[PDB]
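S.K.: Residue numbers (PDB author numbering), protein chains in the order written: chain sr, 2 to 130; chain sy, 2 to 131; chain sB, 2 to 96; chain so, 2 to 151.
Here a beta-carbon is modelled for each residue, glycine too, at the ideal position from N, C-alpha and C.
Before I ask anything, let me first share the structure, which is written out below as structure tokens.
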Amino acid sequence: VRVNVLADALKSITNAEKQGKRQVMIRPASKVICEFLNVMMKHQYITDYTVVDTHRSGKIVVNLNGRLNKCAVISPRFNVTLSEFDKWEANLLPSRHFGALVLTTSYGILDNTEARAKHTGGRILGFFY
Amino acid sequence: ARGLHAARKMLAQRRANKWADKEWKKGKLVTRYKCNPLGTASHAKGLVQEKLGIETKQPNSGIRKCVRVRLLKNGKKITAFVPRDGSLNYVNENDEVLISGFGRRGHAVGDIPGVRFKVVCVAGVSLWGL
Amino acid sequence: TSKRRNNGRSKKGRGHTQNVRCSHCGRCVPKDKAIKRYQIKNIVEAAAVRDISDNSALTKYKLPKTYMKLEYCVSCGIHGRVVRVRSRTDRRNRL
Amino acid sequence: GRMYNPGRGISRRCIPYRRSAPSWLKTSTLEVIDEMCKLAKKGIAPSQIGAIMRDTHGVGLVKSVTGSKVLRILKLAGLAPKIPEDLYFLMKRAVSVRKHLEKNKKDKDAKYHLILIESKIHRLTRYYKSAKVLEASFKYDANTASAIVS
RNA sequence: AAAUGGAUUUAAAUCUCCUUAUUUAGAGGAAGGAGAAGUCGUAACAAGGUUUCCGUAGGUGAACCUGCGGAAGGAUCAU
RNA sequence: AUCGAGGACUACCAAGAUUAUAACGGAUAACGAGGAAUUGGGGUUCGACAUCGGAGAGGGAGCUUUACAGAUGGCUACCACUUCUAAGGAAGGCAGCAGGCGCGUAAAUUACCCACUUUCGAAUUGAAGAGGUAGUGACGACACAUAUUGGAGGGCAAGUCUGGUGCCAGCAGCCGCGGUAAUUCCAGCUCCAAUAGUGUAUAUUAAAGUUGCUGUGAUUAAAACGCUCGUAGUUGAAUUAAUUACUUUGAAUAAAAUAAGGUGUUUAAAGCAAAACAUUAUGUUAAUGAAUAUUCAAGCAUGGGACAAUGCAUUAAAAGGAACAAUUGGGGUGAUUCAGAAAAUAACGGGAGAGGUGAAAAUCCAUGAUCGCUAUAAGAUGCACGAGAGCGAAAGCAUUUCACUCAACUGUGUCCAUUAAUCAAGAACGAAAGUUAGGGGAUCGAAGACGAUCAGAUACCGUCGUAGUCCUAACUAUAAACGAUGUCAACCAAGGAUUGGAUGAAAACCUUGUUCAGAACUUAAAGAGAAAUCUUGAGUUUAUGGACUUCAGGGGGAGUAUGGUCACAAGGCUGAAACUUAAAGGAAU
RNA sequence: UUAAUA
């Protein structure tokens, strides 16, 4: 059964970009899925997206432009203390200038860079190069 | 069990799966104190009682000189090599010797037919300097 | 390992099939695995057809044929030259 | 897929993207409630009640007309059956299989499917007890279900 | 208020059973491993000369043989 | 009763307390902690021993004094010891400092003094084997002169130099070198590494992504339960403008140690002191004490509420369940029913062979066989149709009729509203063989008996033939139970065909368009893999994490021994160790 | 038809 909708969405997006597809469709939409896409847009990894309302937790269509190498979700969302940031980036990201994590915090869903600026930790969601 | 609250099974699986480690189980179960003639000791002392010569394996030829030792701490009977050239003539009978291991090879080592122990002293100094 | 993708059988969506008897060995082989060949021949050989037709008591009686289905085990299909051992890349041909 | 066998079918219904009643529909809630009320008194399951309204009265969705579901309507009138409809039909099948099994003792496939059916009953009974639909004193028994289901 | 008599409390010590644990002797029996280029066969790898293997049953100096049902890891992806 | 709570003890009353989230037991070569060794991150192993806490003084037990002891450099008794003795009797407890015996691979002087730190005392003064100084000290650490240790085939830097040795002696951690021309033995010379150190042996750590959270593998190398149901456990769709968990700051918290701040112990390891300059009594100065930070698991407070759990009214998931309509089904059960092969019997014809083999033989036949026709009655079986077709959780399921069931697909503006997925313990079904008791007993046929073949043949070939093969009831619970590929879910390159539906066209059957479900097949310069090969995955994995369960750790010993449990039995489930060995194994040329 | 071993 669908345990993690975000995992399904990020696997659909990564698969689409490996094939060079222009746009992809995600069937179950969520707040967390929308927030993850917004973080990826602020770094200009996806052009934009639209949300269709099907009265049944509608679908999302995401436009991709040759820039998203891999976006993946992280299984059980570990409680990331502020001191554990660089330990996670050293493991999940390619270098110190390229990628960005995604964390869910009381101040919303933010990447590692601005969560460090806001001085707040939380559960880790995923990443993208 | 890769979940966030699944720490009971993850910890319990490593307890069970660790018993299949041949090198790790041997050092934990109670056999070093009953089935080891040397025991935990690195070196052991015993009395020489018989001078022996063991033939080597098939792809080799010759007689491996060695001695039979009766240890003090336990009382078991073992066989001990006599290191380098012509060192068996230096070893007398009914005297105390220091017996100390070998590498461990595929368990047995260098006098071929099952010997795993080498005489390092003859009461004296060394079945080296001697 | 696997010399054949289908394991030499013709069974895909089931677990068991009945047995048949080799026409030469008498061996028991499953129905799908057996080498099935069909034979349709006249009851009179090509030499004797003329002789029978000469002295016959019927106007234009047409000689009947015999029909029987022969099933062979793998060992008795190869030995009897029913089938031959083929190339590694020619095994895949099913025509 | 299905709970107990590897079958996987997606035969569903498709609610239209219109939560309000269609323009051509003119019957008010009073006729809908009483027509549904009369059907409940006749001993008809709520799932079948809605179908009869849809096929005959053209009221395909009742929530689009009255604003509340069929079961909520029946509870307000007090005509909702004490045993939930889906659980009731499951115990009707377990009784029927058991009756056939009394005379045919050698049927080993009916014994397997009876086991699957009763496992479903214990799954639904557990859920409805957490939902407070069924009192905790309720318990499914073969020697008893033959009478209440009847 | 000292010797001393008596009754409780806490009870060492010893004896008799019983249990557990560890070590160790034993005629004989059934095993495993290693060595010695010892007798007897040809079981397996080629269609290994009766295709091989698995479960079970029986038999036999020995590998093993045979009955029933499977598998191809077959020597057939094919009428 | 005690200083005091308290089953701490007593009397009466009640039946309670703990346990799969591991109680009760067993082991420890187990005192706990601060900490130590090694580590990229995560971790692994150790901690008797500086300091804190606990316990003990040969073994228990019982007490005295006192504010504090169940004290032992106090006492009493018992056990095991040791010493003196005038033979009557007596004290003593080095797990205090030295030292001695024993034990072991393994560990120092029967020294001097209270001068430093501090404790006790009637007190500025006396004691202190606490403490300090000295002696032994290649356990280790630091600085520093000018020589030893191991090796020279590869791993691994260094000799295809010369003398002896002749598969011997030997070297050799592993591969291996040595059978007379040794690069490996024993020596001589030379140089290779480190250097006051350097080899060996055992053990910890890294190497080991060969114990996996980060982080493994399960088709074929070892490894997916035979299959389904199922409790605990784990994981759970979207959705809303009181606690807990999470997160940020702190409070409080012994030092030593770790990190780290300052400081020329001549540097350094150290120490926390010394001075830099004031040429310093003066002055910086009332000088330094690193802020010394930690720090995990709990506990306390604080700001936030995104992601989550327990709270106490949204929709209608290409989640799930139920209902209905039309069907599909070698799915199952019962009854009914058809077929003729083989063999048996009855009658008739015929009259010398028949079986069987490579050739034969054993065997059957004149009591008439084999062969031919016609009749019967049981057992069993279910050809051709029959397929890379269908159904079933798997095992498995095939003459046609009638019932009883069941499941699934499709169709749906029908209902519920999270009811779900995977699942230790537990439970149904589980081929064939085998067991128990009845019936049946045709064919075939483990055992057995003959005849051939062979050197032998207990086998292959032929003939006969018991248990069995068949049905009913009850056991057994194993297979190469295989797709050697766990269950659920998402994404996913081109096709042609097929099974069952729905829906248009073309007049049930058939040809076409679309779409749902099922068993499959072909192509790939792409993805993966050690390759074979996989593509309705074995793909989306060092760019490693969707959920859950089971299993594997070189080959043997061995699925063996023992223990437990199930069975009438055979056997099934769980299941080692000693010892042995440098390979065993997988795919391909 | 028979064809064992180094």
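If you measure from the beta carbon of sr:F128 to each beta carbon in chain sy, is any gap under 9 angstroms?
M.R.: As a working note, residue 128 of chain sr is residue 127 in the first sequence. Not one chain sy Cβ lies under 9 angstroms of sr:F128.
S.K.: Check whether the segment 111 to 129 of chain sy touches the segment 12 to 20 of chain sB, taking contact to mean three or more Cβ pairs, one atom from each stretch, closer than 8 angstroms.
M.R.: No, because fewer than three Cβ pairs between the segment 111 to 129 of chain sy and the segment 12 to 20 of chain sB fall closer than 8 angstroms, the two stretches do not touch.
S.K.: On the DSSP letters alone, give me the boundaries of the alpha helix (DSSP H) that sy:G47 sits inside.
M.R.: Position 46 of the second sequence, counting from 1, holds the residue named residue 47 of chain sy. First-last for sy:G47: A45 to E56, but that is the beta strand (DSSP E), not the alpha helix (DSSP H).
S.K.: Just how far apart, CA to CA, sit sy:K10 and sy:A17?
M.R.: One-based indexing of the second sequence puts residue 10 of chain sy at position 9. One-based indexing of the second sequence puts residue 17 of chain sy at position 16. Approximately 10 angstroms, taken between the alpha carbons.
S.K.: If you follow the alpha helix (DSSP H) that sB:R22 is part of, which residue opens it and which one closes it?
M.R.: The count along the third sequence starts at 1 and reaches residue 22 of chain sB at position 21. From DSSP, sB:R22 is part of no alpha helix (DSSP H) but of the beta strand (DSSP E) over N20 to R22.
S.K.: Drop a sphere of 10 angstroms on the beta-carbon of sy:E97, count the other beta-carbons inside from all chains shown, and report buried for 16 or more, exposed for fewer.
M.R.: Walking along the second sequence from the start, residue 97 of chain sy turns up at place 96. The residue in question, sy:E97, is exposed, as its Cβ has fewer than 16 Cβ neighbours within 10 Å.
S.K.: Spatial neighbours of sy:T80 within its chain, please: C-beta separation below 6 angstroms, excluding the five flanking residues on both sides.
M.R.: Mapped onto the second sequence, residue 80 of chain sy falls at position 79. Contacts found: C67, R69 and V116.
S.K.: With DSSP collapsed to three states, give me the class of so:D110.
M.R.: Your numbering for residue 110 of chain so matches position 109 in the fourth sequence. Helix, per DSSP.
S.K.: When the Cα of sr:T55 is compared with those of sr:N80, sr:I27 and sr:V6, which residue comes out closest?
M.R.: Start at 1 with the first residue of the first sequence, and residue 55 of chain sr comes out as number 54. Cα-wise, what sits closest to sr:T55 is sr:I27.
S.K.: If the criterion is Cβ atoms closer than 9 angstroms, does the pair sr:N70 and sr:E36 meet it?
M.R.: Against the first sequence, residue 70 of chain sr aligns to sequence position 69. Against the first sequence, residue 36 of chain sr aligns to sequence position 35. No, the Cβ-Cβ distance between sr:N70 and sr:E36 is not below 9 angstroms.
S.K.: Identify the contact partners of sy:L5 in chain sr, using a Cβ-Cβ distance below 8 angstroms as the criterion.
M.R.: The sequence position of residue 5 of chain sy within the second sequence is 4, counting from 1. By Cβ distance, chain sr contributes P77, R78 and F79.
S.K.: Just reading off the alpha helix (DSSP H) that so:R99 is part of, what are its end residues?
M.R.: As a working mapping, residue 99 of chain so is identified with position 98 in the fourth sequence. Its alpha helix (DSSP H) spans residues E86 to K104.
S.K.: Only counting the same chain, and skipping five residues up and downstream in sequence, which positions put a Cβ closer than 7 angstroms to that of so:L72?
M.R.: As a working mapping, residue 72 of chain so is identified with position 71 in the fourth sequence. Counting only Cβ-Cβ distances below 7 angstroms, and skipping sequence neighbours, we find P47 and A81.
S.K.: Grab the span of the beta strand (DSSP E) containing sy:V68 for me, first residue to last.
M.R.: Walking along the second sequence from the start, residue 68 of chain sy turns up at place 67. Unbroken beta strand (DSSP E) run through sy:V68: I64 to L72.
S.K.: Just mark sr:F79 as buried or exposed, buried being the case when its beta carbon has 16 or more other beta carbons within 10 Å.
M.R.: Position 78 of the first sequence, counting from 1, holds the residue named residue 79 of chain sr. That one is exposed.
S.K.: Any idea what DSSP makes of so:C15, helix, strand or coil?
M.R.: Indexing the fourth sequence from 1 puts residue 15 of chain so at position 14. In this structure, so:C15 counts as coil in the three-state DSSP scheme.
S.K.: Report buried or exposed for sB:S3, applying the criterion of at least 16 other Cβ atoms within 10 angstroms of its Cβ.
M.R.: Along the third sequence, one-based indexing puts residue 3 of chain sB at 2. Classification for sB:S3: exposed.
S.K.: Please list, in chain order, all residues of the same chain as sr:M41 whose beta carbon is under 8 angstroms from its beta carbon, the five residues on each side excluded.
M.R.: Taking the first sequence and counting its residues from 1, one reaches residue 41 of chain sr at position 40. Cβ within range, chain order: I47, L69, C72 and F129.
S.K.: Taking its Cβ as the centre, do 16 or more other Cβ atoms sit within 10 Å of sB:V21, making it buried, or is it exposed?
M.R.: Residue numbering aside, residue 21 of chain sB sits at position 20 when the third sequence is read from its first letter. Under this definition sB:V21 is a buried residue.
S.K.: Could you tell me which of sy:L99, sy:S127, sy:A109 and sy:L131 sits nearest to sy:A42, measuring between CA atoms?
M.R.: Locating residue 42 of chain sy in the second sequence gives position 41, counting from the first residue. For sy:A42, the nearest C-alpha among the options comes from sy:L99.
S.K.: Can the beta-carbon of sr:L111 be found less than 9 angstroms from the beta-carbon of sr:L104?
M.R.: Within the first sequence, numbered from 1, the residue matching residue 111 of chain sr stands at position 110. Within the first sequence, numbered from 1, the residue matching residue 104 of chain sr stands at position 103. Yes, Cβ-Cβ distance for sr:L111 and sr:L104 is below 9 angstroms.
S.K.: Cα separation between sy:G130 and sr:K88?
M.R.: Numbered from 1 along the second sequence, position 129 holds the residue referred to as residue 130 of chain sy. Numbered from 1 along the first sequence, position 87 holds the residue referred to as residue 88 of chain sr. Whole-angstrom Cα-Cα distance: 57 angstroms.
S.K.: Please work out which residues of its chain come closer than 6 angstroms, Cβ to Cβ, to so:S69, disregarding the five sequence neighbours upstream and downstream, and give them in chain order.
M.R.: Along the fourth sequence, one-based indexing puts residue 69 of chain so at 68. Counting only Cβ-Cβ distances below 6 angstroms, and skipping sequence neighbours, we find nothing.
S.K.: So, for sr:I125: in the same chain, excluding its five sequence neighbours on each side, which residues have a beta-carbon less than 6 angstroms away from its beta-carbon?
M.R.: Within the first sequence, residue 125 of chain sr is the residue found at index 124, counting from 1. The residues are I75, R78, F79, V81 and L104.
S.K.: Please identify the residue among so:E36, so:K64 and so:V66 whose C-alpha is closest to the C-alpha of so:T57.
M.R.: In the fourth sequence, the residue the question calls residue 57 of chain so occupies position 56. It is so:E36.
S.K.: Within 10 Å of its beta-carbon, does sr:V62 have 16 or more other beta-carbons around it, so buried, or fewer, so exposed?
M.R.: Counting from 1 along the first sequence, the entry for residue 62 of chain sr is found at position 61. Exposed, because fewer than 16 other Cβ atoms sit within 10 Å of the Cβ of sr:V62.
S.K.: Shortest alpha-carbon distance to sB:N43 belongs to which of sB:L96, sB:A35, sB:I53 and sB:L59?
M.R.: The count along the third sequence starts at 1 and reaches residue 43 of chain sB at position 42. Nearest C-alpha to sB:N43: sB:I53.
S.K.: Closest by CA to sB:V30, which one among sB:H80, sB:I79, sB:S88 and sB:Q19?
M.R.: Numbered from its first residue, the third sequence carries residue 30 of chain sB at position 29. Nearest of sB:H80, sB:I79, sB:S88 and sB:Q19 to sB:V30, Cα basis: sB:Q19.
S.K.: Where does sB:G81 sit, in a helix, a strand or coil, going by DSSP?
M.R.: To locate residue 81 of chain sB, count along the third sequence from 1; it is residue 80. If DSSP states are grouped into helix, strand and coil, sB:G81 belongs with coil.
S.K.: Less than 9 angstroms between the beta carbons of sr:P29 and sr:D9, yes or no?
M.R.: The residue you call residue 29 of chain sr lines up with position 28 of the first sequence. The residue you call residue 9 of chain sr lines up with position 8 of the first sequence. In this structure, sr:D9 lies closer than 9 angstroms to sr:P29 by Cβ.
S.K.: How about sB:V75 and sB:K34: are their beta carbons less than 9 angstroms apart?
M.R.: Counting from one through the third sequence, the residue named residue 75 of chain sB turns up at place 74. Counting from one through the third sequence, the residue named residue 34 of chain sB turns up at place 33. Yes, these two residues count as a Cβ contact at 9 angstroms.
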